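Working notes for the structure below.
As a convention, Cβ positions derive from the backbone with ideal geometry for all residues, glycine included, and neighbour counts pool all protein chains shown. What follows is calculated from the coordinates using simple rules that are stated; it is not laboratory data.
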There are 2 protein chains.
Amino acid sequence: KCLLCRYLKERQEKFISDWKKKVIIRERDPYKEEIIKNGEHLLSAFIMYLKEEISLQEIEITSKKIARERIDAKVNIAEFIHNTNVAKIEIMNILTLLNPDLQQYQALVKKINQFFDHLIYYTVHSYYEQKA
Amino acid sequence: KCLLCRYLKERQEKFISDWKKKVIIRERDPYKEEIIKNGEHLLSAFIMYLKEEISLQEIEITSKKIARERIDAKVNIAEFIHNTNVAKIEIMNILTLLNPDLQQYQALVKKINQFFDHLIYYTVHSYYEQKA
Ligand SMILES: [Cl-]
Ligand SMILES: [Cl-]
Ligand SMILES: [Cl-]
């Protein structure tokens, strides 16, 4: 019941390589390598979430990690928002190209939104909680 | 060419009333009244954006204003993200109920995402830039 999931699972490496070229990563960033690892991990979590194999609470560990890294990198936390949205936009593009029917499209858009909304909300919340 | 706009334009006072019941806004907030006015303004801007009457750049000044107010309120900036998402979710619910076909649904989802992503990104960006 999820071609999008199958597509992303098979194309994980390609998806991340393409995403890396579109994100904002500063050469000075001490965690620039972790940015990629976090992305790889969260793409995997996204697939599992669409398959209803994890709950959203399970990404909160990663969100706290990202937040702490961003604090230490001394970068505007909105860059993380931008970089996350690059991935979301591409996933939406892939969903469109797979050409699901309306019912399926609607179900997947809800899950996509729930995942990314939580990731962004929790990471920014955590950034401010930890920086305090 | 957009029933969603007409619905929101007509039901605007009610939409805001319902939204106010679901958001994080404390009576101690020095800008509690402005939060509602900002909401009213941005709902109008959203409608104009759907109608292709404004560009996304035109909400950046409002984002900077919100960010300044949030700094002064001494709240976690993620509360703004939560509050914005409450509106987006309800808009998505209204879109679903209005029963568009897939093509129209996709076109509006893209505009909804673009508007809200820009609002969240620019406000959080400005919050960090203004706070130092
Ligand atoms: Cl769901
Ligand atoms: Cl109320
Ligand atoms: Cl201002």
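Please count how many residues of the stretch A:99-132 are under 23 Å from A:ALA78 (Cα atoms), facing chain B (nearest Cβ under 9 Å) and of a type in the set (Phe, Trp, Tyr).
Within the stretch A:99-132, residues that are under 23 Å from A:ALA78 (Cα atoms), facing chain B (nearest Cβ under 9 Å) and of a type in the set (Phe, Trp, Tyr) number 4.
Within the stretch A:81-94, can one find any residue that is among the small types (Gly, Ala, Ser), crowded, with 19+ Cβ neighbours inside 10 Å and more than 10 Å from chain B (Cβ to nearest Cβ)?
yes
Just to be sure before I move on: is B:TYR31 touching a residue at least 24 places away in the same chain (Cβ under 8 Å), away from ligand 1 (no atom under 16 Å from the Cβ), farther than 26 Å from B:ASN93 by Cα and more than 14 Å from chain A (Cβ to nearest Cβ) in the structure I sent? Even if it seems obvious, please write down each step before you answer.
Numbers: touching a residue at least 24 places away in the same chain (Cβ under 8 Å): yes; away from ligand 1 (no atom under 16 Å from the Cβ): yes; farther than 26 Å from B:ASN93 by Cα: yes; more than 14 Å from chain A (Cβ to nearest Cβ): yes.
Judged against the criteria, B:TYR31 is a match.
Can you say whether B:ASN76 is within 11 Å of another protein chain (Cβ to nearest Cβ) and either buried (at least 19 other Cβ atoms within 10 Å of the Cβ) or under 17 Å from B:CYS2 (Cα atoms) (or both), as far as the supplied structure shows?
Spelling it out, it is not the case that B:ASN76 is within 11 Å of another protein chain (Cβ to nearest Cβ) and either buried (at least 19 other Cβ atoms within 10 Å of the Cβ) or under 17 Å from B:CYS2 (Cα atoms) (or both).
Restricting attention to the stretch B:18-44, which residues are away from ligand 2 (no atom under 15 Å from the Cβ), over 14 Å from the mean Cα position of the chain (by Cα) and surrounded by 15 or more Cβ atoms within 10 Å (Cβ to Cβ)?
B:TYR31, the sole residue that qualifies.
Among A:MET48, A:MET92, which is the only one that is farther than 24 Å from B:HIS125 by Cβ and either hydrophobic (A, V, I, L, M, F, W, C) or without any contact (Cβ under 8 Å) to a residue 24 or more places away in the chain (or both)?
Answer to the selection: A:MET48.
So which helices (runs of 4 or more DSSP H) are wholly in the stretch B:14-100 and hold at least 1 residues that are among the β-branched types (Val, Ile, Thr), touching a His at 6+ places or on another chain (Cβ under 9 Å) and within 16 Å of ligand 3 (Cβ to nearest atom)?
B:60-73
Scan the stretch A:95-116 for residues that are more than 17 Å from B:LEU97 (Cβ to Cβ) and surrounded by 13 or more Cβ atoms within 10 Å (Cβ to Cβ) and jot them down. Even if it seems obvious, please write down each step before you answer.
In the first step, residues of the stretch A:95-116 are kept if they are more than 17 Å from B:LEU97 (Cβ to Cβ); the result is A:95-101, A:104, A:108, A:111-112, A:114-116.
Matches in the stretch A:95-116: A:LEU95, A:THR96, A:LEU98, A:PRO100, A:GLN104, A:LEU108, A:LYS111, A:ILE112, A:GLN114, A:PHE115, A:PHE116.
Mind listing whichever residues of the stretch B:64-97 are within 18 Å of A:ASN113 (Cα to Cα) and β-branched (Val, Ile, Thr)?
Pass one, the stretch B:64-97, residues within 18 Å of A:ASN113 (Cα to Cα): B:78-97.
Once the filter is applied, which keeps residues that are within 18 Å of A:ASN113 (Cα to Cα) and β-branched (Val, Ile, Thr), the stretch B:64-97 yields B:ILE81, B:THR84, B:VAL86, B:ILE89, B:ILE91, B:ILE94, B:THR96.
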